[PDB]
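*Asks:* Have a look at the structure that comes next, please.
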Protein chains: 12
Amino acid sequence: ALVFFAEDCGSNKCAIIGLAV
Amino acid sequence: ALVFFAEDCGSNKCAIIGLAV
Amino acid sequence: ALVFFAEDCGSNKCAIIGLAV
Amino acid sequence: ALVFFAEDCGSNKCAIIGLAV
Amino acid sequence: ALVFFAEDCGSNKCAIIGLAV
Amino acid sequence: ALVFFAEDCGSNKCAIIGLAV
Amino acid sequence: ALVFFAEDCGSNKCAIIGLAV
Amino acid sequence: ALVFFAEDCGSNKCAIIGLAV
Amino acid sequence: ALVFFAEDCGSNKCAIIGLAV
Amino acid sequence: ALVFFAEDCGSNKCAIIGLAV
Amino acid sequence: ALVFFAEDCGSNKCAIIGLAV
Amino acid sequence: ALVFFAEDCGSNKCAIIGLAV
């Protein structure tokens with residue numbers, strides 16, 4: 001599968017997360 | 001315009017946000 | 001099917017609508 | 001992550017589900 | 001139009017459906 | 001960026017708008 | 001609602017169609 | 001990559017096509 | 001939920017997979 | 001296939017492009 | 001919110017940009 | 001156009017690819 005990337009900015013911290021499809 | 005609803009969920013808290021289009 | 005929701009904000013007047021898939 | 005909401009509707013009944021991203 | 005295919009799995013019945021665009 | 005277009009048809013009145021990405 | 005524009009192109013001819021949302 | 005499938009119904013003929021991502 | 005289908009190719013080893021939504 | 005239209009805008013100028021699916 | 005990344009390649013300049021959702 | 005990025009995994013042989021739009 002494909003794994004995208006995104007900066008998941010919550011209320012306390014951001015972080016690069018994958019997104020698996 | 002259309003406004004979708006979503007929750008921006010960080011560590012362990014969420015917040016309603018709109019998404020305007 | 002899945003039904004999404006959105007506020008359809010027209011000429012100064014909104015209303016929730018469904019979106020079928 | 002972002003959480004969307006939709007109705008998952010079957011033959012007769014529906015249910016709210018999250019769609020997390 | 002394009003017709004996608006999906007398994008609409010409900011509470012007591014899955015079934016292939018078209019999704020038209 | 002890419003700019004898409006859509007007719008925003010409100011309370012009996014449409015108008016072309018852009019959508020930036 | 002929003003109305004996107006698209007062309008439904010077959011063999012070698014196209015036709016404008018709307019896509020309502 | 002992922003290869004989806006769709007019935008591409010033009011004006012003269014439909015046909016299962018891939019969609020490569 | 002809806003289950004779409006795709007061929008998941010990597011090094012010429014495709015295979016049908018689901019995509020749950 | 002379906003053909004969408006968008007403006008591909010750079011530093012200063014834009015251009016119409018098709019997005020075919 | 002989620003921040004995707006893309007290379008916005010224009011006529012005479014590519015550059016990484018965020019896309020916020 | 002915009003170029004997104006993803007890891008294309010098949011049999012544990014991932015690698016960065018573009019996705020042109």
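As shown in the structure tokens, the chain order sets the letters A, B, ...; within each chain, residues go from 1, and ligands are also counted from 1 in the order they appear.
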Using backbone DSSP assignments, extract all strand (DSSP E) residues from chain L; output them as a ChimeraX atom specification.
*Replies:* /L:2-8,16-20
*Asks:* Would you mind listing, for every residue of chain B within 8 Å of chain D, the two atoms forming the shortest contact and the distance between them in Å to one decimal, using only C-alpha atoms, sorted by chain and ascending residue number, as a tab-separated table?
*Replies:*
residue	atom	partner	partner_atom	distance
B:5	CA	D:4	CA	6.6
B:6	CA	D:4	CA	4.7
B:7	CA	D:3	CA	4.9
B:8	CA	D:2	CA	4.9
B:9	CA	D:1	CA	5.4
B:10	CA	D:1	CA	6.6
*Asks:* Please dump the current selection as an mmCIF file, in the first residue's frame; keep N, CA and C atoms.
*Replies:*
data_model
loop_
_atom_site.group_PDB
_atom_site.id
_atom_site.type_symbol
_atom_site.label_atom_id
_atom_site.label_comp_id
_atom_site.auth_asym_id
_atom_site.auth_seq_id
_atom_site.Cartn_x
_atom_site.Cartn_y
_atom_site.Cartn_z
ATOM 1 N N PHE B 5 -18.134 19.203 9.065
ATOM 2 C CA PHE B 5 -17.770 19.208 10.463
ATOM 3 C C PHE B 5 -16.722 18.141 10.703
ATOM 4 N N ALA B 6 -15.777 18.454 11.579
ATOM 5 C CA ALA B 6 -14.740 17.514 11.947
ATOM 6 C C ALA B 6 -14.261 17.851 13.348
ATOM 7 N N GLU B 7 -13.606 16.884 13.974
ATOM 8 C CA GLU B 7 -12.957 17.094 15.257
ATOM 9 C C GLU B 7 -11.452 17.011 15.072
ATOM 10 N N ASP B 8 -10.758 18.049 15.516
ATOM 11 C CA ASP B 8 -9.303 18.053 15.555
ATOM 12 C C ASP B 8 -8.889 17.485 16.905
ATOM 13 N N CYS B 9 -8.402 16.250 16.903
ATOM 14 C CA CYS B 9 -8.128 15.515 18.129
ATOM 15 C C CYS B 9 -6.622 15.389 18.303
ATOM 16 N N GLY B 10 -6.110 15.944 19.398
ATOM 17 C CA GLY B 10 -4.694 15.884 19.694
ATOM 18 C C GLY B 10 -4.357 14.729 20.611
#
